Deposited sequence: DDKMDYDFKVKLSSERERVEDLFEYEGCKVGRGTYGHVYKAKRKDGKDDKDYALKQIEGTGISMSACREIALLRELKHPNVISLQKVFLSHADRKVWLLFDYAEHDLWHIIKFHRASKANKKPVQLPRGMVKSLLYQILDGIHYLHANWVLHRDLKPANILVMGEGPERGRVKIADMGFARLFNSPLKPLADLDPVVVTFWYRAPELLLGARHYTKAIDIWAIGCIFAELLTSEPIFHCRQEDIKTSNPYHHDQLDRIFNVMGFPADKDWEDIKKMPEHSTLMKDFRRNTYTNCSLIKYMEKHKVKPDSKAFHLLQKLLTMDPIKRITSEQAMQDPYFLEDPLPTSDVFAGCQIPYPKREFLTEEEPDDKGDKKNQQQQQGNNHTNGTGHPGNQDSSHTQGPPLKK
């Protein structure tokens, strides 16, 4: 600005840390949902860092809220913002995080592919679920919803001081009026599909239920093929094929859901009479009398008010049954999952 003090302006400019001075990231793009795997340029760490360049320019509402909340949130199972760079020339924003080598999308994909080349370790499954719940419990206790939980967002740290620790990432930090109706459906709770007007803690817990099933079987439990409207017929059909159609007593307030009459129009209870979570999970070699299953069923409760909370899930006797969950989900064993490849595509 012309009316800004010149001395003030040049002092700040002289002192301002620039992302390109501190970090080597060119050619090191790993993702774009622009995410880079970066090393420090001085060579004082040799640690890997994740640099996220925020999409757009300036500071949007979504960028503001993301910076706002990450700046406060501190917990071992939630991804931790190290530093923010404000690039004054191009008005671009960069976020620095510790680098998580793995995630559940890739880990599960690796096991699903290994099944073809003929299961996920059960101590690992439990430990992952425990840490996901711990991190989500922390967010929820602070009235922060994730609003977009899926395997790609459950990161897992590689070799280093936090080996095998879960890091929840990529929270949906801005949703206009906390609304799903404003601009994959596999991890979406049935109330969202029937037109729920707000995100809730319960919606996050359903997604954890979905992830947990997927870790146990290597298959997305509510897998389905790929608008403004919340009602998705094929996704609901898949839920009922797995779960059965809910009885009136299972979800009394279903009648209040905005899409209830559409549900009645398109679906018949009779269609799903041979369908249940018990039957589904048995086919995938998970016993219905297992503590794992009983907890899974409490997470995948259809009526959101009857869904277990994160804190209650952490207290489940499943976590007291042998084997105990471990802080490193790999339990000191060798990590077979491949590292992320650098992308060279234009």
**Fill in**
Numbered from 1 on the deposited sequence, the unmodelled stretches are 34 to 36, 122 to 124, 190 to 198, 242 to 245, 366 to 406
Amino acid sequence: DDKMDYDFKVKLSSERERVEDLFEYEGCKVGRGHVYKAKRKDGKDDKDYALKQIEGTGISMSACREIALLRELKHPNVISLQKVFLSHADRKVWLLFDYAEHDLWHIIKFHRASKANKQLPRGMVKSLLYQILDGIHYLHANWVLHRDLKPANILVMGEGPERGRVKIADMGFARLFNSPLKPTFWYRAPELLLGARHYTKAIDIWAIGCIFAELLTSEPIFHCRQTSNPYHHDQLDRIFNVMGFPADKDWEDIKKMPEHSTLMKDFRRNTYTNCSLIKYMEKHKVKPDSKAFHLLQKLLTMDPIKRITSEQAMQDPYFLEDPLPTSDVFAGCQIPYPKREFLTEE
From here on, numbers count along this sequence of modelled residues.
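Definition used throughout: the rigid core is the maximal C-alpha set that superposes within 1.5 Å between two forms.
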**Fill in**
Comparing 42 to 50 to 275 to 283 by root mean square Cα deviation from the shown form in 8 other deposited structures of this protein, core aligned, the larger deviation is found at 42 to 50
**Request:** Name the stretch that deviates more in 8 other deposited structures of this protein: 154 to 162, or 122 to 130? Use RMS CA distance to the shown form, core superposed.
**Result:** 122 to 130
**Request:** Look at the other compared PDB entries that model both sides of residue 115, then say whether a third or more of them leave it out.
**Result:** yes
**Message:** As a check of understanding, is residue 190 unmodelled in at least a third of the other compared entries that model its flanking residues?
**Reply:** no
**234 to 242 versus 82 to 90 - greater average Cα B-factor per the deposited record** = 82 to 90
**Message:** Comparing average C-alpha B factors as deposited, tell me which of 36 to 44 and 290 to 298 sits higher.
**Reply:** 36 to 44
**Prompt:** Going by the deposited entry, which of 205, 264, 120, 194 has the highest CA temperature factor?
**Reply:** 120
**Complete:** One of 200, 114, 276, 131 has the largest Cα B-factor in the entry, namely 114
**Complete:** residue 73: CA B-factor among chain residues, third -> middle
**Message:** Is residue 183 in the lowest, middle or highest third of its chain when residues are ranked by C-alpha B-factor?
**Reply:** highest
**Complete:** Of the three thirds of the chain ranked by Cα temperature factor, residue 64 occupies the middle
**Message:** Among the modelled residues of this chain, does the Cα B factor of residue 52 put it in the lowest, middle or highest third?
**Reply:** middle
**Item:** residue 105 - Cα temperature factor, lowest/middle/highest third of chain
**Value:** middle
